[PDB]
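Chemist: The structure follows.
Just so you know, all these numbers are worked out from the coordinates, no wet-lab data involved. For neighbour counting, all protein chains shown are included, and Cβ atoms are generated from backbone atoms with ideal geometry for every residue, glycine included.
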């Protein structure tokens, strides 16, 4: 088997599109679903929407632009939903923001999102001659000063460690990614049809195995933006626009016996919370340390 | 809003209008036949449903009495002929809404049938098609109104009809709203037609369209709807029932 870089991307997107078509071809034929607003602004507000098509974002378009722009994450019953996930049965919806009193749910949803971006930054930035295997997106708590992604690289490429030029280029391509506006999309896949998309990454295939194993229906949660697809835990933030300052700060070589795993550590803030040029240097200092919470 | 400012502007003085108001129609339907609830299933057996219809046609004394008033007042009267012409009135009047021709629409439908159907429909494009009438149209009930003042008698013939129709409503910009035109939807309609007796010119009009309480839910709409809750003024807190 011999594969081109663009071919694999296309194939993944085709698998994903086949998925979508198969999810939509369930023939709901526009069934009426009912949502209620339990939020504190307009209580006793009802929404008659279209089951498994209409979204909690499409529910914000009824209120005002303010909701559309401010709300990162929806709290529907006992679950956070992300804005672009269609809705299943009758629900009750509350909207979450960065300035709310228990933003934590959103915060976890930020790092996850932010981490995923740095995937695109990396895999596509390498020479055709080498090989980049993305491993997992280890979830650190927010008090640790960074977000981290795990990466394995070609064995002959393993001796050199990055230069401030390379780092700055990572940052630059990240911000260039933020520049064009990318929506985030959520799909529910079976382990059988999920294991076919990732393939060549063994760590993806095994992570999928464990993750889908712990939950009885063998369900994998996929997140697609642009040409990139990634499996993660929990919901993501609605648009790429929301991320303002992006930095790829440090990269650290960690070595196990059977694997050489590099951490990519970075820092980012939302356009809502954006911080001053002095503070940014202070936090960009703390993101240089090797930050370990895996378990 | 029901309001009269009695303090200032007085009250519109009591006037004797030299023309007593002439009405071709009268809004109310005298008695609504309450249909059997199993008529969705009972219709699967035609010799059961049509048997019950025909039975209650022969058995009713009120219906026979009104039939007698229409038959004495208007000779050459057959009730077996009626559900045919009454079914023709539909294929004509719905085509009238299709083509947005109100002239011919005044001849067919009654004064009360007209305003609703014309009112809410008028700024859009409506296309309607009659494909099959699956169960032969049955006259369910007849009623006679005695107006003591005018000597006026008003006949009202109920027709129940099983029907197959395709409806496409394009909104004023040309984009679809209610339904697809390519689906032969299954529709059951209760209908009431009316007639003026003392009238020399013998008019038979569509009066009203009755829908049973167990009638199947209609097709879901395309666009999403937002129902606002009770509006709160500055000092008024929200209260939520269970």
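Chemist: Averaged over all directions, how much area does the convex hull of the C-alpha atoms of segment A:142-245 cover when projected, in nm²?
Modeler: 8.8
Chemist: Oh, and also: How long are the three semi-axes of the equivalent ellipsoid for segment A:208-295, computed from the Cα gyration tensor as the root of 5 times each eigenvalue, in whole Å, largest first?
Modeler: Result for segment A:208-295: semi-axes of 29, 22, 11 Å.
Chemist: If you don't mind, another one. Quote to one decimal, in nm, the extra length available between residue B:11 and residue B:60 on full extension: 0.36 nm per residue of separation minus the C-alpha distance between them.
Modeler: So the extension gain works out to 12.7 nm.
Chemist: If you don't mind, another one. In the protein assembly as shown, what % of DSSP beta bridges are antiparallel (nearest 5)?
Modeler: About 95 percent, rounded to the nearest 5.
Chemist: In whole angstrom, note down how far apart the Cα centers of segment B:1-60 and segment B:114-139 are.
Modeler: With segment B:1-60 and segment B:114-139 each reduced to a Cα centre, they are spaced 19 Å.
Chemist: Moving on to the next point. Whole-Å semi-axes of segment B:95-205's equivalent ellipsoid, largest first, each the root of 5 times a Cα gyration tensor eigenvalue?
Modeler: Working through the eigenvalues yields semi-axes of 31, 19, 10 Å.
Chemist: So, one more: At a threshold of 8 angstrom on Cα-Cα distance, excluding pairs fewer than six apart, so keeping six or more, what relative contact order does chain B reach in percent?
Modeler: Taking the mean separation of contacting Cα pairs over the length of chain B, I get 18 percent.
Chemist: Follow-up question, since we're still on this one. Taking a point 7 angstrom from the Cα of residue B:199 along the C-beta vector, which residues in segment B:119-151 have backbone N less than 19 Å away?
Modeler: Answer for this model: B:142-151.
Chemist: Which distance in Å, rounded to a whole number, links the C-alpha centroids of segment A:168-236 and segment A:113-158?
Modeler: With segment A:168-236 and segment A:113-158 each reduced to a Cα centre, they are spaced 13 Å.
Chemist: With just the Cα atoms of segment B:1-81, tell me how far they stretch along each of the three principal axes, in Å, largest first.
Modeler: The Cα atoms of segment B:1-81 stretch 68, 36, 20 Å along their principal axes.
Chemist: Grab every C-alpha pair in segment A:176-217, bin the distances at 10 angstrom width from 0 up to the longest one, and report whole percents.
Modeler: Bin by bin from 0 Å, the calculated values are 23, 40, 25, 11, 0.
Chemist: Can I get the semi-axes of chain B's equivalent ellipsoid? Compute them from the C-alpha gyration tensor as square roots of 5 times the eigenvalues, in angstrom, largest first.
Modeler: 35, 30, 21
Chemist: Still on this structure: Can you pull the mean other chain C-beta count within 10 Å for peptide A:50-58?
Modeler: Partner-chain Cβ atoms within 10 Å, mean over residues of A:50-58: 1.
Chemist: What distance in nm lies between label points placed 7 Å from Cα along the C-beta direction at residue A:259 and residue A:209?
Modeler: 1.2
Chemist: What translational diffusion coefficient, in µm²/s and rounded to a whole number, does the Stokes-Einstein relation yield for chain A at 37 °C and a viscosity of 0.692 mPa s, taking the hydrodynamic radius as the Kirkwood radius over Cα pairs?
Modeler: Rounded to a whole number, D works out at 159 µm²/s.
Chemist: To continue, here is another question. I need two numbers for segment A:202-258: Rg to one decimal and Dmax as a whole number, Cα atoms only, in Å.
Modeler: My reading of the Cα-based Rg and Dmax gives 15.4, 40 Å.
Chemist: Note the angle between two axes, namely the Cα long axis of helix A:104-123 and the longest principal axis of the Cα atoms of chain A, as a number of degrees from 0 to 90, rounded to the nearest 10.
Modeler: Taking the Cα atoms of chain A, the angle to A:104-123 is about 50 degrees.
Chemist: How big is segment A:1-129 by Rg and Dmax over its Cα atoms, in Å?
Modeler: Every Cα atom of segment A:1-129 included, Rg and Dmax give 18.6, 60 Å.
Chemist: At q = 0.05 Å⁻¹, what base-10 log of I(q)/I(0) does the Debye formula yield for the protein assembly as shown when every alpha carbon is treated as an equal point scatterer in vacuo?
Modeler: Per q value, in the given order, log10 I(q)/I(0) is -0.40.
Chemist: Quote the relative contact order of segment A:139-228 in percent (integer), defining contacts as alpha-carbon pairs under 8 Å separated by 6+ residues.
Modeler: Relative CO of segment A:139-228 lands at 29 percent.
Chemist: Counting alpha carbon pairs within less than 8 Å and at least 6 residues apart, what relative contact order, in whole percent, applies to chain A?
Modeler: 17
Chemist: Beyond 18 Å, what percent of the Cα pairs of segment A:86-172 remain?
Modeler: Value for segment A:86-172: 60 percent of Cα pairs lie more than 18 Å apart.
Chemist: So how far apart, in nm, are the two label points at residue B:84 and residue A:13 if each is 7 Å from Cα heading toward Cβ?
Modeler: 6.6
Chemist: Also, I was wondering about something else. Give or take rounding to whole Å, what are the principal axis extents of the alpha carbon atoms in segment B:17-144, in descending order?
Modeler: 44, 43, 28
Chemist: A further question follows. Could you give me the radius of gyration and the Dmax of segment B:141-225, taking only the C-alpha atoms into account and expressing both in angstrom?
Modeler: 18.5, 52
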